There are 2 protein chains.
Amino acid sequence: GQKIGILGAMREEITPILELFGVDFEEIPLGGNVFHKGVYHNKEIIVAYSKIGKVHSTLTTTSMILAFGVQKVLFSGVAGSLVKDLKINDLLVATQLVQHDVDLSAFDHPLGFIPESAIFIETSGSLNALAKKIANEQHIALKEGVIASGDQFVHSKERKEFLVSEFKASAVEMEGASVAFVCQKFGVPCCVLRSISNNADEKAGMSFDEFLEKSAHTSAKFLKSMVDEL
Amino acid sequence: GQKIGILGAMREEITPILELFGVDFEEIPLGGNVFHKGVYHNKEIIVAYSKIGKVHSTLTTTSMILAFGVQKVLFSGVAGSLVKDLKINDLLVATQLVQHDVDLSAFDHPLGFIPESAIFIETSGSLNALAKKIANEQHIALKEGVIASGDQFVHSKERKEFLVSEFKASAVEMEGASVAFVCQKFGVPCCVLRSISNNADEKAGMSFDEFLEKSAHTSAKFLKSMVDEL
Ligand SMILES: Nc1ncnc2c1ncn2[C@@H]1O[C@H](CSCC[C@H](N)C(=O)O)[C@@H](O)[C@H]1O
Ligand SMILES: Nc1ncnc2c1ncn2[C@@H]1O[C@H](CSCC[C@H](N)C(=O)O)[C@@H](O)[C@H]1O
Ligand SMILES: [Cl-]
Ligand SMILES: [Cl-]
């Protein structure tokens, strides 16, 4: 079958992935990352955590595509909620992503926009539709919405209000847009899956720590259930 | 000789490079970029502009290394000055670079710091020393200092004051840190060269436009003079 890249940002997001697949993994170092290469149900799977933020995740995604030849990329990890209906532990897939910290307003560009690019980055409608069917069959909620990504941990009402007002974002994190961007440039299907671990408000640091393990597992379990249908 | 990658962020930064080398270039598309491949003085040179900002430049640098096998990367382009002694048209090389917009302060991390990384990214002391010797021999100034990179065009006294206070930066731009970061991860020597086109203040947009062509040429000429010694 088609070779699948599986990414998280932090080690804690991929430890449950490696465990859930349960196969032998070969560890391959490249570019400051460790890639775990295995075979699962007649598919080659390549798993890594990128390290946090846009530069790290851009690098790792580019390596997955150029050095390992992955044919699709699935991202799993944790995020901050920007909307009341996304509770702690809830899942969402990103229909579109934006780099919320991009600002070329000095030249009258819309926030998020860079010349020769676009504000919103698209993901795979097929993979998102698959996620929604699996969630419906598992009888669990799954939101489909905009994820905002930037190189700051968001933990204030004011920044939340900006993200909602400017981009109508549903969640915030630090890698999705860059992963999805790289995949679009190389024509590789991508799905960005997140489980909420905090509300991106003044208490978000403490919530992040409280729920990292559970929310990371929630996302990882759901990602595995997608791979089982691929 | 050793294969050299040459990067700018914008087309206007590489047009003078292609012209100055004056050789036949083959255009090769990959990942949303166009790479110009030529031979100059027994060296293969690969020239591209990345498009603006951290994600674009991370992607392109990673492609240069993984897909084209470059053995060193030289970046040329324009920047905003943060220090009085860096005038319009003046050159600097980055001794160290920082991602000035990275903020994980919610977890008590220093600004600029990401777990499993470092605030400052190093460049090649050999290439920087070469630049300084060439500048001394050409009888022109060359500053050696910290460059701050982020995904915003900086055009305010307040943000300038932050960059100077927090990082002791000499100039600001949107790609150097990410280029240098990728090169460090892959063990590839890097030099980031910039010519000042504005003062990163409230008038910076208009200055940027006034001096883009000249400052881009100033940097490009100097980069060519480095390649001539390699
Ligand atoms: N409120 C929020 N804002 C930004 N990113 C968030 C977030 N909630 C979760 N994330 C995601 O989780 C990570 C936040 S940074 C976590 C740092 C960690 N506590 C440490 O100190 O080492 C990023 O990978 C990001 O994508
Ligand atoms: N004051 C400054 N702040 C941030 N980047 C700057 C800068 N001065 C020059 N740069 C560099 O020049 C570019 C600024 S963005 C330029 C956008 C352009 N005027 C347009 O509208 O299409 C980036 O590649 C950046 O690295
Ligand atoms: Cl915030
Ligand atoms: Cl500013």
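Note that these values count all heavy atoms, side chains included, but never hydrogens, waters or copies made by symmetry. Just follow the structure's listing: the first ligand is 1, and inside any ligand the first atom is 1. Just so it is clear: chains get the letters A, B, ... in the order the sequence lines come, proteins before strands, and each one is counted from 1.
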Taking [atom] as the reference point, the nearest protein heavy atom with its distance:
atom	value
atom 17 (C) of ligand 1	A/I52 CD1, 3.7 Å
atom 8 (N) of ligand 1	A/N198 ND2, 2.9 Å
atom 12 (O) of ligand 1	A/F208 CE1, 3.3 Å
atom 22 (O) of ligand 1	B/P115 CG, 3.3 Å

When every non-hydrogen atom of B/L193 is compared with those of B/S219, the smallest separation belongs to CD2-O, 3.4 Å

Residues B/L91 and B/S195: closest non-hydrogen pair is CD2-CB, 3.8 Å

Mind checking whether A/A79 has a heavy atom under 4.0 Å from ligand 1?
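The answer is yes: ligand 1 sits under 4.0 Å from a heavy atom of A/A79.
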
A/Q152 near ligand 1, heavy-atom distance under 4.0 Å?
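Heavy atoms of A/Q152 do come under 4.0 Å of ligand 1.
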
Side-chain donor-acceptor pair under 3.5 Å between [X] and [Y], yes or no?
X	Y	result
B/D101	B/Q152	yes
A/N128	A/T123	yes
B/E175	B/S50	no

For [X], counting its heavy atoms only, list the atoms of ligand 1 lying under 4.0 Å from any of them.
X	answer
B/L104	15 (S)
A/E173	4 (C), 5 (N), 6 (C), 26 (O)
B/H109	20 (C), 21 (O), 22 (O)
A/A200	1 (N)
A/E175	23 (C), 24 (O), 25 (C), 26 (O)
A/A9	24 (O)
A/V78	9 (C), 10 (N), 11 (C), 12 (O)

Please say whether [X] places an N or O atom under 3.5 Å from an N or O atom belonging to ligand 1.
X	answer
A/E13	no
A/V154	yes
A/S197	no
A/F153	no

Under the 3.5 angstrom rule, does the side chain of [X] hit a backbone N or O of [Y] as a donor-acceptor pair?
X	Y	value
B/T60	B/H56	yes
A/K143	A/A171	no
B/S197	B/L212	no

Counting only heavy atoms, which portion of A/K160 has something under 4.0 Å from ligand 1: side chain, backbone, both, or neither?
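The answer is neither.
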
So does A/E144 pair up with A/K132, basic N to acidic O under 4.0 Å?
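Salt bridge: no.
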
Are there over 12 heavy-atom neighbours, none belonging to B/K157, within less than 6.0 Å of that residue's NZ?
yes

Within the 4.5 Å heavy-atom criterion, are A/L30 and B/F186 side-chain neighbours or not?
yes

